[PDB]
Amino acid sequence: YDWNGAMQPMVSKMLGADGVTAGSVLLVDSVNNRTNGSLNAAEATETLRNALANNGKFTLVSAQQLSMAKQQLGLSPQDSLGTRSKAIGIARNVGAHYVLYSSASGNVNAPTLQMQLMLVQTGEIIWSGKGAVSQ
């Protein structure tokens, strides 16, 4: 699964996109596996976290602070992320401007990566991309 080669074009696309302000603090949600099959979410997630940090064009909420904010908020430590309402709560607690969703959907062999950038203040999705993912 060449995550990186799917994600780099998408992150860039997102950066170029109308309504996305760079240098924003970004609560980065775990990549949701909604394929018909199974894959490692964590390999995908880390690559994505990695992609958004290179080249310092987004600040990310650290996973520790995230877990801390859940304790604060009374939520389960590794149930990341809750609903839109839950993630908003967390985002606002930490100082986050966007929350970034991502999912691998469709065919577990040859899946599509889907990202949505939600604006925390309005709950409004202000960008989305879809990308093919290809070994």
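Residue indices: 1-based, along the sequence shown.
Per the entry, higher mean C-alpha B factor between 70 to 78 and 25 to 33: Looking at the record's C-alpha B-factors, the answer is 70 to 78.
Going by the average Cα B-factor in the PDB entry, point out whether 94 to 102 or 57 to 65 comes out higher. Taking the mean C-alpha B-factor of 94 to 102 and of 57 to 65, the larger value falls to 57 to 65.
How does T112 rank on Cα B-factor within its chain, lowest, middle or highest third? Within its chain, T112 is a middle-third residue by C-alpha B-factor, going by the deposited values.
Cα B factor band for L52 (lowest, middle or highest third within the chain): Middle third by C-alpha B-factor.
Considering only modelled residues of the same chain, in which third does the CA B-factor of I88 rank: lowest, middle or highest? Ranked within chain, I88 CA B lands in the lowest tercile.
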